[PDB]
Number of protein chains: 2
Amino acid sequence: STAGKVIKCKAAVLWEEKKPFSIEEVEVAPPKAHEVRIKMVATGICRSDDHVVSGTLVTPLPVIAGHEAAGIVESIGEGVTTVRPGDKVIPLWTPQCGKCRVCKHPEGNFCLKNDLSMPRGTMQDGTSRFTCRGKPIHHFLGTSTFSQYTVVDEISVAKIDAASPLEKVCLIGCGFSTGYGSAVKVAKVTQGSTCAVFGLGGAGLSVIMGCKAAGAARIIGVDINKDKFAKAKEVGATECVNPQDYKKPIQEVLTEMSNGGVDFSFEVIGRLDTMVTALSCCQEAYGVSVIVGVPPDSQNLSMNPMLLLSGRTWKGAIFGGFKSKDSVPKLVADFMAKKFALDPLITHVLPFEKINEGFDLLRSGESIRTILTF
Amino acid sequence: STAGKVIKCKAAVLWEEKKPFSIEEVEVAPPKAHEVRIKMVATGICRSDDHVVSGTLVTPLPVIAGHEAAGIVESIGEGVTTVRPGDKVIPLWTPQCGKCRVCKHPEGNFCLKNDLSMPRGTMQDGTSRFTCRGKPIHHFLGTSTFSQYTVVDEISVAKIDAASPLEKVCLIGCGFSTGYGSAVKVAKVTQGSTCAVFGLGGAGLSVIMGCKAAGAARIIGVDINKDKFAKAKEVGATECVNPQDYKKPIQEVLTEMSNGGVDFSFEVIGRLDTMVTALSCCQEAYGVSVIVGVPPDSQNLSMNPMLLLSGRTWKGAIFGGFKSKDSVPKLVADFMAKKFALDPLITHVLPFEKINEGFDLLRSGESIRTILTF
Ligand SMILES: NC(=O)c1cccc([C@@H]2O[C@H](COP(=O)([O-])OP(=O)(O)OC[C@H]3O[C@@H](n4cnc5c(N)ncnc54)[C@H](O)[C@@H]3O)[C@@H](O)[C@H]2O)[nH+]1
Ligand SMILES: NC(=O)c1cccc([C@@H]2O[C@H](COP(=O)([O-])OP(=O)(O)OC[C@H]3O[C@@H](n4cnc5c(N)ncnc54)[C@H](O)[C@@H]3O)[C@@H](O)[C@H]2O)[nH+]1
Ligand SMILES: [Zn+2]
Ligand SMILES: [Zn+2]
Ligand SMILES: [Zn+2]
Ligand SMILES: [Zn+2]
């Protein structure tokens, strides 16, 4: 009843930066060869989507943002083998074409066929499957999840568990996996180690969950906001430290506490000042500090190279270093296996109509993860 | 004829920074429990020794510098089990007490019982085995090789091959191993990879030799001095690139050449500007850049964290990441196995008396490695 035809649905359209979203009547052109048109069931609200509004993350406007979401596959274009309609799936904003240097590398995940480095806000072919009143509307990271219907290439889609609670597994599209992966895939936390996590947002609680999956025995959560200590502890942190409690710098107190600097340090804030500090507090002779995320408008951080000479690794990553297509199904299955839980992060669920409302929550103040439902 | 007694010998004493060395009549007190008094056969001249003179590397003055050298063990104090006199050995400026976090870690090498972080210029006990005309003379990195006789703790000494040509294996005490290790132990170059080396000094040629031992198929040597291209090529670089030849920045041209950035980038110069560039030119999604060495007077390098988000590892290290005591013997054996050669680096051998003369060569202009002989 929809397959093969242009669907007219509602979606949050950003006509211009620094403007609220407009729930628009949009047309979602059918999917061509290797495209898959999905039915959004749930999409989360993430800082990255908010960056677009501000201009910080420059990508073509007008646009339908959204990249953390899970839904049901309605139609599949030609050659689509990885999915069949009815499939619970999660759009992947970091692809896995399985053919470039990066996908072929046993480590890298940042697929070359991504639309992050040099945003086009289009599908692979250079075109757009969106139009509002005849006017073409841009795609975001080849996903555009703030729409009741979306069309993503086959490389930007992943089949997940049919029993997946879509109001909760959507987190695995960005937030959870970006954190969890930093600990379990990038930094590669080890049984016994002592981790320190800067920032206790949702991405933070995910890193803490990763460290726990890894076996870290000590997970020190650090945040200038005391109110973030409960979740974190409840989520896994064995102790939290509010930097404004001391008279000395935190890395000093993280070293004293750790007796020589932590094994792995994670920064899930985005400050440049804290970025250096997170490095400065891991073991000088073998500490690994991971920058989980950086503001896309960031500038030059001032840092003394001595920090690295000691033998300190500094790593960055996109999407918790997971190889999206390969990984997402497995992250899901695990959640489905009753390992990690995603609830403590979902602090709000709002009907998709309340999108602009979900953002204010994000923007000003704490709302770990707001899940917008369709 | 010497064992158990205070030896009176000659050594280069630095009475004050920014002063030439004085070949001094010094007394070398016998070795206590766990000390080993060595007979220097050969010691190389390294930038680090020169830093001391300048003040750059702050360590107690007066002092007998030197840390890259190999010789013969004359007497061994109490409990010394790792050596017996007659033993060809190499002092290790980065210890291996085999008891701290670092030695116990399967990776770190920067032994806690080092004298680099907070120089004391003494042996483990806080004392000095040196005196010139009754006045006590400081030790350097617990080695002090610019002396015909020296006393190093057992953790700062390594037994090598009895067939070791000491005029050539001394390189394995700092220079060679610092480079070679950056490629083969820290960055961990892989069969097939494409490496890029900034700076073609001796430490550079050593990194290139490491990459070769690893299997890198492409080893791009970069240096503003055309005259360094022969050795490097001869040593392993498949092609060298002089940055002053182009109109565009080098990392640009290293990426164009490598089609997407090199696999591993090494910086064996010490510039802060080049440090960032070396990072900026390795694969954004999985490139590892290694800072082989940094000036001990360095300042804050300005760098945009975006560089790491892509998935770029940045690592530093001391002594090519080798675990000195465990490693040195094996590096030697390998050389002795006719694998790598150390000759192309030894561009000068000068009688120890000509020490101040060896430095001018180091200081002003190219002299890959000057070996001072006893
Ligand atoms: N928004 C996301 O879902 C998301 C996803 C992936 C990566 C990230 C990275 O995590 C960064 C923050 O977003 P988030 O972690 O999900 O949540 P967030 O932006 O609410 O969390 C940042 C946390 O760090 C805290 N903080 C601020 N300053 C300091 C400081 N000086 N020292 C210690 N703690 C401090 C702050 O209180 C908050 O708890 C984000 O900016 C991005 O760089 N965020
Ligand atoms: N001196 C040593 O034996 C030694 C040992 C271990 C580590 C190191 C590291 O290597 C650093 C240099 O000492 P070395 O490599 O043994 O020899 P070095 O100091 O003679 O070599 C530095 C090389 O880099 C070259 N160079 C300078 N500027 C540039 C630039 N802008 N771009 C490209 N190339 C440039 C320079 O021509 C020289 O060939 C040293 O400062 C230290 O940080 N050095
Ligand atoms: Zn996101
Ligand atoms: Zn790819
Ligand atoms: Zn040296
Ligand atoms: Zn040790």
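Quick notes on this one:
- Residues that are out of contact with any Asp or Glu (no Cβ under 7 Å at 6 or more places or on another chain), more than 7 Å from chain A (Cβ to nearest Cβ), in contact (Cβ under 8 Å) with a residue 24 or more places away in the chain and aromatic (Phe, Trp, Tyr) do occur in the range B:313-333, at least one of them.
- Among the residues of the range B:280-293, those identified as more than 7 Å from chain A (Cβ to nearest Cβ), out of contact with any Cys (no Cβ under 7 Å at 6 or more places or on another chain) and not in a loop (DSSP other than H, G, I, E, B) are B:280, B:282, B:290.
- Scope the range B:121-148; condition surrounded by 24 or more Cβ atoms within 10 Å (Cβ to Cβ) and either over 19 Å from the mean Cα position of the chain (by Cα) or over 21 Å from residue B:8 (Cβ atoms) (or both); matching residues: B:129, B:130, B:137, B:141, B:142
- Unique residue being within 16 Å of ligand 5 (Cβ to nearest atom) and closer than 21 Å to residue B:283 by Cα when the list is B:207, B:197: B:207
- Boolean, residue B:268 is crowded, with 21+ Cβ neighbours inside 10 Å and within 27 Å of the chain's Cα centre (by Cα): yes
A quick yes/no check of all residues on (1) surrounded by 15 or more Cβ atoms within 10 Å (Cβ to Cβ); (2) assigned by CATH to the domain that holds residue B:23; (3) part of a loop (DSSP other than H, G, I, E, B):
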{"residue": "B:311", "(1), (2), (3)": "yes, no, yes"}
{"residue": "B:328", "(1), (2), (3)": "yes, yes, no"}
{"residue": "B:331", "(1), (2), (3)": "yes, yes, no"}
{"residue": "B:335", "(1), (2), (3)": "yes, yes, no"}
{"residue": "B:347", "(1), (2), (3)": "yes, yes, no"}
{"residue": "B:353", "(1), (2), (3)": "no, yes, no"}
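- Any hit, the range A:39-51, residues being closer than 22 Å to residue B:310 by Cα and either surrounded by fewer than 17 Cβ atoms within 10 Å (Cβ to Cβ) or free of Cβ contacts under 8 Å to residues at least 60 places away in the same chain (or both): yes
- So residue A:371, is it in a helix (DSSP H, G or I) and more than 14 Å from chain B (Cβ to nearest Cβ): no
- All conditions in (1) surrounded by fewer than 20 Cβ atoms within 10 Å (Cβ to Cβ); (2) in contact (Cβ under 8 Å) with a residue 12 or more places away in the chain; (3) more than 9 Å from chain B (Cβ to nearest Cβ) hold for residue A:296, with the sole exception of (3).
- Any hit, the range B:58-70, residues being more than 16 Å from ligand 3 (Cβ to nearest atom), on the phi < 0 side of the Ramachandran plot and within 14 Å of chain A (Cβ to nearest Cβ): yes
- Selected residue (only one of A:68, A:74, A:78, A:107 is surrounded by fewer than 24 Cβ atoms within 10 Å (Cβ to Cβ) and either without any contact (Cβ under 8 Å) to a residue 24 or more places away in the chain or within 19 Å of the chain's Cα centre (by Cα) (or both)): A:107
- Residue that is farthest from ligand 5 (Cβ to nearest atom), among those in the range B:362-372 that are surrounded by fewer than 17 Cβ atoms within 10 Å (Cβ to Cβ) and touching a residue at least 60 places away in the same chain (Cβ under 8 Å): B:366
- Flag if residue A:288 is farther than 23 Å from residue A:185 by Cβ and not polar (S, T, N, Q): no
- The range B:226-259, subset touching a residue at least 24 places away in the same chain (Cβ under 8 Å) and either over 19 Å from residue B:194 (Cβ atoms) or part of a loop (DSSP other than H, G, I, E, B) (or both), residue farthest from the other protein chains (Cβ to nearest Cβ): B:234
Every residue, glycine among them, receives a Cβ derived from its backbone with ideal geometry; neighbour counts consider all protein chains shown. Numbers and lists here come from the model and the stated rules, or from a named source; no laboratory instrument gave them.
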